[PDB]
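Asker: First, the structure itself, so that you have it in front of you.
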Amino acid sequence: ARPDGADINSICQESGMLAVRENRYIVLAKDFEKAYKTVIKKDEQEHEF
Amino acid sequence: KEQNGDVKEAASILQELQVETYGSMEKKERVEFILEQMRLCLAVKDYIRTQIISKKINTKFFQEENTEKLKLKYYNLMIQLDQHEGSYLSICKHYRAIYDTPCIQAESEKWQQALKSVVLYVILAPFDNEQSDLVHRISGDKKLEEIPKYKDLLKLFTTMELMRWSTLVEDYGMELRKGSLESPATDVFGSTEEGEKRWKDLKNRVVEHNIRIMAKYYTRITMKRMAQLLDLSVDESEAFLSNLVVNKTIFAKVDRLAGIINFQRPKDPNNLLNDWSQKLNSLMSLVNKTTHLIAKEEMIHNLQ
Amino acid sequence: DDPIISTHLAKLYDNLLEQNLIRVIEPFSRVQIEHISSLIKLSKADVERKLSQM
């Protein structure tokens, strides 16, 4: 329910391969955030008007 | 070491295992430490706990020769992962890693347990080409043929030596009666929950490899005389038939409609193919006969 | 709370029949119909007509 299929591919890219930068399997809920900050977040989060 | 550790300190060291391996760009202490809890997880006495920490171990490899002999220090534990309870066959280099240490040395008894471990383990291992081929690939040792037991079991690699099982029990129970290198015996039959289990899987060996070797004269063989020529009882042979036949790695055909049935090959249900091979190839051999008959008879007639 | 008691575990054990029939007949083609069904523990109760149907 948070507006942050094509991105999910890069989502897992970022999150998983940074856990592999961390070099472990277990994927965290923070890994979502790691995949939700390097994205199309230009102008967060409402045209305000 | 406060209490020499416990499940609490096991959880401690484990939680401190997989966190720092990358905050600590470490090649040796990380190796000598990811093993440090191998006891705290084997003193835990849980096969799958050791296997989880080994799933951790897989991360670190090319461990060979960290120092000149750091692996002669770690491989004891690496094989200790599945040393006395592990799979009888996945010990290929596991139950091999024991030979090199006193092969690096010039030991006599420690090298003898090294040898009679690098060999007396595959008889536990199920049948395979690897075991069979390798145990004679590794043949050529000089310290190994100095053991009547090694010679005895190495001879077993042909005709199965369908021997009175108690005779082999002598040959490999007097290992514990060695006024010489005996650590072979303790590695083999100084053990109880696996050494006696080694005797059991040795019964498995004799019966199943005899099934292998005796596959020639079959298509006529009785359940009773099976046991008679098996060095084991009939209902013992019943259970052996049962396990080898539900394993069914070979295709026999048996029934107690008579009990005279055998660990057979497909029992020859085939058409002319048999006749075809026979007639054709035999007749061909006969034309070959003729064609060299002329030749060699002429040769022996050369002087005349 | 079983919706139907005519099919649920009925079909399970139905499948299991031949699933247990490929363990007593898995070893060899020919066999005594008794000890082959000593595993199913009934040598002639229902093994007979079941395997016939099969």
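Chain lettering (A, B, ...) mirrors the order of the structure tokens, residue numbering begins at 1 for each chain separately, and ligand numbering begins at 1 in order of display.
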Hey, what's within 10 Å of residue 31 (chain A) if we count only C-alpha atoms and toss same-chain stuff fewer than 3 positions away? As a list in words, please?

Answerer: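 Result of the neighbour search: residues 11, 12, 14, 15, 16, 17, 18, 19, 26, 27, 28, 34, 35 and 36 of chain A.
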
Asker: Those residues you just picked out, can you put them in a file as a compact mmCIF listing (two decimals), in the first residue's frame with C-alpha atoms?

Answerer:
# COMPACT_ATOMS: atom_id res chain seq x y z
CA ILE A 11 14.02 -4.06 -6.22
CA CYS A 12 15.38 -7.56 -5.70
CA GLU A 14 19.35 -3.82 -5.08
CA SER A 15 18.15 -5.61 -1.95
CA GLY A 16 19.43 -9.12 -2.62
CA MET A 17 22.75 -8.16 -4.19
CA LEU A 18 23.41 -5.79 -1.29
CA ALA A 19 22.65 -8.60 1.14
CA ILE A 26 18.51 -14.02 4.87
CA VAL A 27 16.63 -11.13 3.28
CA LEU A 28 15.23 -8.51 5.65
CA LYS A 34 17.30 -0.51 0.40
CA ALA A 35 15.35 -1.08 -2.83
CA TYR A 36 13.02 1.87 -2.13

Asker: Write down as a PyMOL selection string the residues of chain C whose backbone DSSP state falls under helix (DSSP H, G or I).

Answerer: chain C and resi 8-24+35-38+47-53

Asker: Can you work out the spacing between CA of residue 32 (chain B) and CA of residue 112 (chain B) in Å, to one decimal?

Answerer: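 It comes out at 27.3 Å.
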
Asker: Residues of chain B within 10 Å of chain C, using only C-alpha atoms, as an NGL selection string?

Answerer: :B and (241-248 or 250-258)

Asker: May I have the residues from that selection written out with N, CA and C atoms, as an mmCIF file, in the first residue's frame?

Answerer:
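Contents of out_8.cif, freshly written:
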data_model
loop_
_atom_site.group_PDB
_atom_site.id
_atom_site.type_symbol
_atom_site.label_atom_id
_atom_site.label_comp_id
_atom_site.auth_asym_id
_atom_site.auth_seq_id
_atom_site.Cartn_x
_atom_site.Cartn_y
_atom_site.Cartn_z
ATOM 1 N N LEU B 241 17.563 -60.675 0.573
ATOM 2 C CA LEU B 241 16.728 -60.634 -0.618
ATOM 3 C C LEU B 241 15.786 -59.445 -0.573
ATOM 4 N N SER B 242 15.085 -59.273 0.548
ATOM 5 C CA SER B 242 14.090 -58.214 0.661
ATOM 6 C C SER B 242 14.706 -56.848 0.399
ATOM 7 N N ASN B 243 15.805 -56.534 1.085
ATOM 8 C CA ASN B 243 16.381 -55.200 0.950
ATOM 9 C C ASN B 243 17.009 -55.007 -0.424
ATOM 10 N N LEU B 244 17.770 -55.994 -0.900
ATOM 11 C CA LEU B 244 18.381 -55.873 -2.217
ATOM 12 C C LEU B 244 17.353 -55.891 -3.337
ATOM 13 N N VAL B 245 16.133 -56.333 -3.055
ATOM 14 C CA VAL B 245 15.139 -56.554 -4.091
ATOM 15 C C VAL B 245 14.149 -55.400 -4.105
ATOM 16 N N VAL B 246 13.992 -54.727 -2.966
ATOM 17 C CA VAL B 246 13.242 -53.478 -2.981
ATOM 18 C C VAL B 246 14.156 -52.342 -3.409
ATOM 19 N N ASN B 247 15.444 -52.432 -3.076
ATOM 20 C CA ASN B 247 16.438 -51.580 -3.711
ATOM 21 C C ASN B 247 16.461 -51.818 -5.212
ATOM 22 N N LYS B 248 16.332 -53.086 -5.621
ATOM 23 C CA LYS B 248 16.165 -53.527 -7.004
ATOM 24 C C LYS B 248 17.071 -52.792 -7.983
ATOM 25 N N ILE B 250 19.372 -54.118 -9.343
ATOM 26 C CA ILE B 250 19.382 -55.139 -10.374
ATOM 27 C C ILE B 250 17.950 -55.618 -10.563
ATOM 28 N N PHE B 251 17.691 -56.230 -11.712
ATOM 29 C CA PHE B 251 16.374 -56.787 -12.007
ATOM 30 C C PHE B 251 16.460 -58.305 -11.968
ATOM 31 N N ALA B 252 16.022 -58.884 -10.860
ATOM 32 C CA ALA B 252 15.878 -60.321 -10.726
ATOM 33 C C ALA B 252 14.413 -60.701 -10.895
ATOM 34 N N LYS B 253 14.121 -61.979 -10.686
ATOM 35 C CA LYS B 253 12.740 -62.431 -10.603
ATOM 36 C C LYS B 253 12.689 -63.603 -9.642
ATOM 37 N N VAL B 254 11.810 -63.509 -8.650
ATOM 38 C CA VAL B 254 11.760 -64.468 -7.559
ATOM 39 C C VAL B 254 10.316 -64.643 -7.119
ATOM 40 N N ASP B 255 10.045 -65.779 -6.485
ATOM 41 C CA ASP B 255 8.720 -66.126 -5.992
ATOM 42 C C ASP B 255 8.849 -67.339 -5.091
ATOM 43 N N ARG B 256 8.117 -67.333 -3.981
ATOM 44 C CA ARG B 256 8.108 -68.505 -3.122
ATOM 45 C C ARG B 256 7.104 -69.557 -3.577
ATOM 46 N N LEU B 257 6.585 -69.447 -4.805
ATOM 47 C CA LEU B 257 5.874 -70.574 -5.399
ATOM 48 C C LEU B 257 6.741 -71.819 -5.385
ATOM 49 N N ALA B 258 8.054 -71.639 -5.508
ATOM 50 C CA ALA B 258 9.009 -72.719 -5.344
ATOM 51 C C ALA B 258 10.148 -72.369 -4.403
#

Asker: Set the cut-off to 12 Å and count only C-alpha atoms: what are the residues of chain B that reach chain A? Output as a VMD selection string.

Answerer: chain B and resid 17 to 24 55 to 56 59 to 60

Asker: So that I have them on file, write out the residues from the current selection with C-alpha atoms, as a compact mmCIF listing (two decimals), in the first residue's frame.

Answerer:
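Everything below was put into selection-v4.txt:
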# COMPACT_ATOMS: atom_id res chain seq x y z
CA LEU B 17 30.30 -16.15 13.26
CA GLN B 18 28.47 -14.85 10.21
CA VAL B 19 28.42 -11.15 11.14
CA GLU B 20 32.07 -10.14 10.92
CA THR B 21 33.46 -12.24 8.04
CA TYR B 22 33.11 -9.10 5.90
CA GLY B 23 33.74 -6.51 8.57
CA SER B 24 36.81 -8.72 9.13
CA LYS B 55 26.49 -24.79 5.25
CA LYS B 56 28.16 -21.79 6.84
CA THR B 59 31.32 -19.88 2.33
CA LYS B 60 35.02 -20.24 3.21

Asker: What lies within 12 Å of region 1-7 of chain A using only C-alpha atoms, ignoring chain neighbours under 6 positions off, as an NGL selection string?

Answerer: :A and (13-15 or 32-46)

Asker: Keeping N, CA and C atoms for every residue in the selection just given, could you write it to a file as a PDB file, in the first residue's frame?

Answerer:
ATOM      1  N   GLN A  13      17.147  -6.831  -7.239  1.00  0.00           N
ATOM      2  CA  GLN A  13      18.537  -6.567  -7.590  1.00  0.00           C
ATOM      3  C   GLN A  13      19.240  -5.835  -6.455  1.00  0.00           C
ATOM      4  N   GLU A  14      18.770  -4.624  -6.151  1.00  0.00           N
ATOM      5  CA  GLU A  14      19.354  -3.825  -5.080  1.00  0.00           C
ATOM      6  C   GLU A  14      19.401  -4.602  -3.770  1.00  0.00           C
ATOM      7  N   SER A  15      18.236  -5.031  -3.283  1.00  0.00           N
ATOM      8  CA  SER A  15      18.148  -5.609  -1.946  1.00  0.00           C
ATOM      9  C   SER A  15      18.981  -6.881  -1.827  1.00  0.00           C
ATOM     10  N   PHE A  32      13.782  -4.209   1.642  1.00  0.00           N
ATOM     11  CA  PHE A  32      12.792  -3.453   0.887  1.00  0.00           C
ATOM     12  C   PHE A  32      13.183  -1.985   0.804  1.00  0.00           C
ATOM     13  N   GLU A  33      13.474  -1.374   1.956  1.00  0.00           N
ATOM     14  CA  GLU A  33      13.880   0.028   1.981  1.00  0.00           C
ATOM     15  C   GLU A  33      15.122   0.261   1.131  1.00  0.00           C
ATOM     16  N   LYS A  34      16.101  -0.647   1.216  1.00  0.00           N
ATOM     17  CA  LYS A  34      17.304  -0.510   0.398  1.00  0.00           C
ATOM     18  C   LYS A  34      16.959  -0.479  -1.084  1.00  0.00           C
ATOM     19  N   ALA A  35      15.854  -1.111  -1.465  1.00  0.00           N
ATOM     20  CA  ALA A  35      15.352  -1.084  -2.827  1.00  0.00           C
ATOM     21  C   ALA A  35      14.308   0.001  -3.049  1.00  0.00           C
ATOM     22  N   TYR A  36      14.022   0.820  -2.029  1.00  0.00           N
ATOM     23  CA  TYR A  36      13.017   1.873  -2.129  1.00  0.00           C
ATOM     24  C   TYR A  36      13.623   3.259  -1.935  1.00  0.00           C
ATOM     25  N   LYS A  37      14.941   3.391  -2.085  1.00  0.00           N
ATOM     26  CA  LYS A  37      15.606   4.675  -1.903  1.00  0.00           C
ATOM     27  C   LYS A  37      16.446   5.027  -3.124  1.00  0.00           C
ATOM     28  N   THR A  38      16.876   4.008  -3.867  1.00  0.00           N
ATOM     29  CA  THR A  38      17.659   4.189  -5.084  1.00  0.00           C
ATOM     30  C   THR A  38      16.789   4.222  -6.334  1.00  0.00           C
ATOM     31  N   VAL A  39      15.555   4.711  -6.219  1.00  0.00           N
ATOM     32  CA  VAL A  39      14.535   4.519  -7.243  1.00  0.00           C
ATOM     33  C   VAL A  39      13.997   5.860  -7.725  1.00  0.00           C
ATOM     34  N   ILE A  40      12.889   5.807  -8.472  1.00  0.00           N
ATOM     35  CA  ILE A  40      12.238   7.037  -9.013  1.00  0.00           C
ATOM     36  C   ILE A  40      11.523   7.758  -7.865  1.00  0.00           C
ATOM     37  N   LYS A  41      12.285   8.222  -6.869  1.00  0.00           N
ATOM     38  CA  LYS A  41      11.707   8.932  -5.695  1.00  0.00           C
ATOM     39  C   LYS A  41      11.799  10.446  -5.914  1.00  0.00           C
ATOM     40  N   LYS A  42      12.144  10.869  -7.135  1.00  0.00           N
ATOM     41  CA  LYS A  42      12.263  12.316  -7.461  1.00  0.00           C
ATOM     42  C   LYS A  42      10.966  13.029  -7.065  1.00  0.00           C
ATOM     43  N   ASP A  43      11.095  13.968  -6.117  1.00  0.00           N
ATOM     44  CA  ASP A  43      10.019  14.840  -5.563  1.00  0.00           C
ATOM     45  C   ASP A  43       9.041  14.025  -4.711  1.00  0.00           C
ATOM     46  N   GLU A  44       9.420  13.767  -3.454  1.00  0.00           N
ATOM     47  CA  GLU A  44       8.577  12.992  -2.507  1.00  0.00           C
ATOM     48  C   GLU A  44       7.802  13.967  -1.613  1.00  0.00           C
ATOM     49  N   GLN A  45       6.500  13.721  -1.441  1.00  0.00           N
ATOM     50  CA  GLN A  45       5.850  12.532  -2.053  1.00  0.00           C
ATOM     51  C   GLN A  45       4.468  12.923  -2.585  1.00  0.00           C
ATOM     52  N   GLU A  46       4.237  14.223  -2.805  1.00  0.00           N
ATOM     53  CA  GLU A  46       2.920  14.692  -3.314  1.00  0.00           C
ATOM     54  C   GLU A  46       3.032  16.116  -3.872  1.00  0.00           C
TER      55      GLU A  46
END

Asker: Write out as number ranges by chain which residues come within 12 Å of region 179-192 of chain B when counting only C-alpha atoms, dropping same-chain ones fewer than 4 positions away.

Answerer: B: 83-85, 95, 98-99, 107-124, 143-144, 146-147, 149-150, 169-175, 196-200, 202

Asker: Between CA of residue 264 (chain B) and CA of residue 276 (chain B), what is the distance, to one decimal in Å?

Answerer: 22.4 Å

Asker: I'd like the neighbourhood of residue 51 (chain C) as number ranges by chain, where a residue qualifies if any of its atoms comes within 12 Å (using only C-alpha atoms), though same-chain residues fewer than 4 positions away should be ignored.

Answerer: C: 14, 17-22, 24-25, 33, 36-37, 43-47

Asker: For the residues in that selection, give me C-alpha atoms as a short mmCIF file (atom, residue, chain, number, x, y, z; two decimals), in the first residue's frame.

Answerer:
data_model
loop_
_atom_site.label_atom_id
_atom_site.label_comp_id
_atom_site.auth_asym_id
_atom_site.auth_seq_id
_atom_site.Cartn_x
_atom_site.Cartn_y
_atom_site.Cartn_z
CA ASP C 14 -7.48 -45.58 -2.97
CA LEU C 17 -3.60 -49.02 -2.40
CA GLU C 18 -1.62 -49.10 -5.64
CA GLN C 19 0.99 -46.91 -3.87
CA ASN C 20 1.37 -49.89 -1.47
CA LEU C 21 0.90 -52.29 -4.46
CA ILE C 22 4.12 -50.81 -6.01
CA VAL C 24 4.95 -55.54 -2.57
CA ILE C 25 5.10 -56.01 -6.40
CA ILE C 33 -0.44 -63.39 -2.78
CA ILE C 36 2.86 -59.79 -0.71
CA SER C 37 -0.24 -58.76 1.23
CA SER C 43 -3.65 -61.52 2.39
CA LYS C 44 -7.10 -62.05 0.85
CA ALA C 45 -9.54 -59.56 2.43
CA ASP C 46 -9.65 -56.88 -0.27
CA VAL C 47 -6.25 -57.14 -1.99
#

Asker: What does the structure give for the distance between CA of residue 125 (chain B) and CA of residue 219 (chain B), in Å to one decimal?

Answerer: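 Interatomic distance, CA of residue 125 (chain B) to CA of residue 219 (chain B): 29.2 Å.
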